[PDB]
Structure formats: structure tokens, C-alpha cells
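Only one chain is given next, in C-alpha cells, and it is the form deposited in one PDB entry.
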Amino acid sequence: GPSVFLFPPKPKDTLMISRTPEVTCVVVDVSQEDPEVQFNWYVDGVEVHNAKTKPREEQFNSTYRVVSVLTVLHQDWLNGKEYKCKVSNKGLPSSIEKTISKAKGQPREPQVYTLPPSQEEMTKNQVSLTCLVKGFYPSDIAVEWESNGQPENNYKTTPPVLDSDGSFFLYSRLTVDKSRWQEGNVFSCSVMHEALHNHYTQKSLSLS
């Protein structure tokens, strides 16, 4: 039969009040002849009705795909409430249910360190600025870079990695022209996480 997948919101969306965290329920392998797909949502057991459901969409393997999107309350997601998507077809009683929630467990605050380029990289045209982020729980987290009050784009961040003590760590690498680093520019690694004061902290880095 069909398959259902339930996806959490983005960490950044849950941590900033101004953004719109959403839980997404995706049904694949729907058949043309299947009666209209229906979605019931529950939040900690209670049915709710603000979900937006998109009309079904043909995939190339001759199946259909259906998505229902539930806007969630930041506080609720962070409080560890359980979102349940229940999926069925208009007429038949059979249904499929899926449940998701934030990771359970004592949250830990991330320590954020900045590392300048290795002296050995200094001979190249571009250098790597490193941001180590360690000791955090849960793994849901967001890392960004900026400079001169404007976002930097040329960075990549590793996935969270599980440490011995059950916390997570990761690295972020911002690549910049040597000429920009030694002119004395300040670069900032920004980290967003539920255990940080105001869900936010920032650590800066320039040539010493």
C-alpha cells in the first residue's frame, strides 16, 4: 500500500519567534483509483484543523504524492509535544498514523569556539575560518556566518556528530579570500540552539 513520512520543522524555524515552523506529512505511492486522501492532525492527542493540504501530484513512477502541512507553535514544539498525522481515504475505515516530536532529554548548551586559519593555509589565495560547536543537546541546531553586518554565503557545515558524553558536536567552515582576512575584517559564527540565552549566541574572529 501507500507510505507515510512525517517531517519535523527546521531548528531555526522553531527558535525564532518571527519564523514559521511547520510539520509536514507526506504520503507517497498513492494510486489514481484511491479515493481522496484525507488528513487528521492531533497535537498531544487533541485534533486540530489549521493544516494546509495540497492537491495530489503525479510522480514519474506512475504513483501520486500528497502533502499536508501543519503550522506549529514554537513553544509547543520546544515543550516536547507530540504531533500525529493520521492518513486515510474518504469512505474506507483503514488508516495509517505517524507521530513525531522533539528529542527527549536534558538540553545542554553549546560551547562555541572560533579557530583562525592554519599558518600553513596562509600561502593560499583563500583561507578557512572554522567554528567548532561542541557539547550540545539535542542535535537540532543552526549555524550561520556573517561579516560587516551582512550574511556570508561561502560556508559549509558538518552534520552533528555524537560525542562520548552523549552530547553532539560539529564544525562549520567559512571560506574567504586571504586579502579579506588580513585586511582585518571581523567574521562572526552565529549559532542558534534551544539552550542558549535567547536561543542565540555569536562568536567573532579576525586576524590577531
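All residue numbers refer to positions in the sequence shown, first residue = 1.
Q: Quick check on the record: does 126-134 or 92-100 carry the larger mean Cα temperature factor?
A: Between 92-100 and 126-134, it is 92-100.
Q: Look up the CA B-factors in the entry and say which stretch, 60-68 or 161-169, has the higher mean.
A: The stretch with the larger average C-alpha B-factor is 161-169.
Q: By the CA temperature factor listed in this entry, which of these ranks top: 24, 14, 198, 190?
A: Highest C-alpha B-factor among the listed options: 198.
Q: C-alpha B factor of residue 86, ranked within the chain: lowest, middle or highest third?
A: It belongs to the middle third of the chain when residues are ordered by C-alpha B-factor.
Q: Can you work out whether the C-alpha temperature factor of residue 43 puts it in the lowest, middle or highest third of the chain?
A: Middle third by C-alpha B-factor.
Q: Quick one: classify residue 152 as lowest, middle or highest third of the chain based on its Cα B-factor.
A: Ranked within chain, residue 152 CA B lands in the middle tercile.
Q: Going by the CA temperature factor in the PDB record, which third of the chain does residue 177 belong to: lowest, middle or highest?
A: Highest third of the chain for residue 177's C-alpha B-factor.
Q: Sorting by Cα B-factor within the chain, modelled residues only, which third would residue 29 end up in: lowest, middle or highest?
A: Residue 29: CA B-factor falls in the middle third of its chain.
The following text describes the form deposited in another entry, which does not appear among the structures shown.
Q: Decide, with the chain treated as two rigid parts between the shown form and the other one, if residue 182 and residue 143 are on the same side of the split.
A: Note: residue 182 and residue 143 co-assigned to one rigid part.
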